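We begin with a single chain expressed as structure tokens, specifically the form deposited in one PDB entry.
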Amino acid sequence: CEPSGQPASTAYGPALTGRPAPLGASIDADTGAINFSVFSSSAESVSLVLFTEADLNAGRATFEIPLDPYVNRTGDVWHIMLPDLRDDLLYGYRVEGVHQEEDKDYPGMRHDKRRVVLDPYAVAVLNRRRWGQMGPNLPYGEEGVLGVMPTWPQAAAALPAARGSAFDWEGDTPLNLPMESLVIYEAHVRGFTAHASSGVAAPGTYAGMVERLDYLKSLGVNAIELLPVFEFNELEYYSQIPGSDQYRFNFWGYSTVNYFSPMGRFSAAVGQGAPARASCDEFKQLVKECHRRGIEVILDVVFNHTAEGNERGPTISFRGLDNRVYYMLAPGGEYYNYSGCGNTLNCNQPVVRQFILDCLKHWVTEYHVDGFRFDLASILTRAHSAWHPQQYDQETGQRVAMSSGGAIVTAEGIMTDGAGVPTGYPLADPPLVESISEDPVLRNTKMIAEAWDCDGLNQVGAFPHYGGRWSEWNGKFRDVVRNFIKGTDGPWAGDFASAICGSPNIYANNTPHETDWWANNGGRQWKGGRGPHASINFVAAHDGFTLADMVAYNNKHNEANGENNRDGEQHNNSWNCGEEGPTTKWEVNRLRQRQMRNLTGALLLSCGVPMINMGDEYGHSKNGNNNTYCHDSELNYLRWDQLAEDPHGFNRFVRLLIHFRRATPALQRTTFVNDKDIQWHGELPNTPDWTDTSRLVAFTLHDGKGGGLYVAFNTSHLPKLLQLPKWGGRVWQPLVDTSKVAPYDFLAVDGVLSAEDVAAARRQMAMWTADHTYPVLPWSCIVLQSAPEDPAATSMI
């Protein structure tokens, strides 16, 4: 409120002291001034820097306002208020302080007054407006020139909208659909409509996606999991791929530049010159429209590492604000690398915890988002690295060097979190995860863990989940289903039956392996208290093989990632069904058509929550590449042409199976099935094969009202005759048979089958079903429905 001394300019009035809360740029409700607030415990000086867009493009600042360190600062939070500020300016911060390479008494200090760094709380960011657009060709690294390189030009943050109104939600609320009801579709914003066949107005944008959303409503999906939509740099490592005319993009976006700003290069409007805040409203429009169609939005989020990399990466934000607070560091200043990406965010140090939590609440409150999937979630359980606060000489006024550079170490010099835990140690009770799990703003927000990291920490089945608040990507489900369905000796039959049940062997298991450290110690308290809906089941996802390719290649084919690449999963549990890649051998193609459906049957006929990889609903292929992370091409694009074509009726199959699952409450459970819910069979009723050599799993599943389903997967290379369990006064009726050419693979009424067609196809087999016999082809899958016995069935149609 008081003036802090800095003079007015053409763009704003005399600066005021301002307030530390809220962090970020906000409008003062009293004066209308923009209050600016940014944390840094390590900075000696801080300047607010403002840009016109032209100045920003040119690598030049328009205005600089030095903050008074006595008046424009409260504790570790710097703050200043600028009244009557031109609201089309953009902002950042020049932060001066020590640097370890210029004084080694200060490991972990990495200030650079030549940089202008981004407000971590930036509501929208501008740097480059169009996807793939290179930044300007400035003489970077010279006096007064802002930005790092053409791939990393100067970014700036948008100001709060002073005049004008907010977005009209029209009563929109997050849907709060019960977790167990979900069918999740993993999609990429750009890849969903970037392909020419998409036919939309703004290909590859938030606005483009809205235009094709009816597809996903028609497909029967009720949740979309978006790949990272937080601002990232797709030109991060832009270079020509060695031995190829293609260029290397960071396509997927698992390398976040700013966590509060939506990705501008997914915004049609920003691409066309709109103000940077336009992307905010384009994303709000998208969520609104997903909700109109009964589709939840789950954001994939990456709080385990940032785009700044290690010391050889760019100073964009955290590193130049306060490197010691934001990143996991050893006492020399080296970056712990549990993320496998160069740095590891300091998740559980207090300011960082608050940042992440504020970020999640921001996306829920401002964008009405329904859930978060946390990439490499194990990192969020690890103890942070602490440093003592900087000492200053009262006489000299000067900074005072400390023992071990002020790293809080053990007697053996090992980094510690300040409270006795060695840095990196996985916590039974991580404060961040507890905060996420218990914050009231997030209480109806779904939380999904990918419960491992890149240093071999694996917490699946015992992520700290605070009373059922977290589901987990179930990678065991993926490997089990792939092994069993291709036909593989081992324990895969038993393991598969368990997967059908929602993997209670993983989520309700209270007898950990003797060698599993986590499950025996920190994870033990978390080994129960969850039902099947904690298992996010998937057969494929953005990384790894597609469904089609899983059934077409024994080995990966990542040549397009560049000569001398060592990219992608080695152990794929795949089978090419006879020949590597495309082939005219008919028995191969017959088998692939079947195994696509068998794998999908497994996914959507299991308790827990199925996730579908974009494109696997129509047999999308990446030509055997199991790691398309760098390709801005058809390999990562939804192929609207191939979808229309549906040559062997697979998209119809998937679509109908989705809808059939949604309509079957016995598959959508919050408690595990018991011996009265499900019974196991073989070729004979109640005689399951659990042996190493098993090639058959089959089960009945009751609907609670006397009806129910019979399901069987024959993974044998031989055909089988099944004896069906006899239910008094009832017969089994055909629905799914993967041995049948489409549309008779799925006998449901639709635009292709009439109610007559279906009844006729049921009556055809009436002699087989009445006998309680059903013939099944090798590598095939059956679903039957129990119906009231009607002896007139076997008379004339």
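Note that residue numbering follows the sequence shown and begins at 1. In this text, the rigid core denotes the largest set of C-alpha atoms whose superposition between the two forms falls within 1.5 Å.
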Averaging the C-alpha B factors as listed in the entry, name the stretch that ends up higher: 306 to 314 or 82 to 90.
82 to 90
So which stretch wins on mean C-alpha B-factor, 481 to 489 or 398 to 406?
398 to 406
Just grab whichever of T511, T151, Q354, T600 has the top CA B-factor as deposited.
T511
Among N626, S378, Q246, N337, single out the one with the highest C-alpha B factor in the record, please.
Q246
Could you say whether, by C-alpha temperature factor, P788 belongs to the lowest, middle or highest third of its chain?
highest
Which third of the chain holds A21 when residues are ordered by C-alpha B factor: lowest, middle or highest?
middle
How does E579 rank on Cα B-factor within its chain, lowest, middle or highest third?
highest
Using the temperature factors of the C-alpha atoms in this entry, rank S40 within its chain: lowest, middle or highest third.
lowest
How does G461 rank on Cα B-factor within its chain, lowest, middle or highest third?
middle
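Not pictured, yet referred to below: the form deposited in another entry.
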Which is the one residue in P160, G707, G243, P491 whose C-alpha moves 2 Å or more between the shown form and the other one, relative to the superposed rigid core?
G243
Core superposed first: is there a CA shift of 2 Å or greater at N565 between the shown form and the other one?
yes
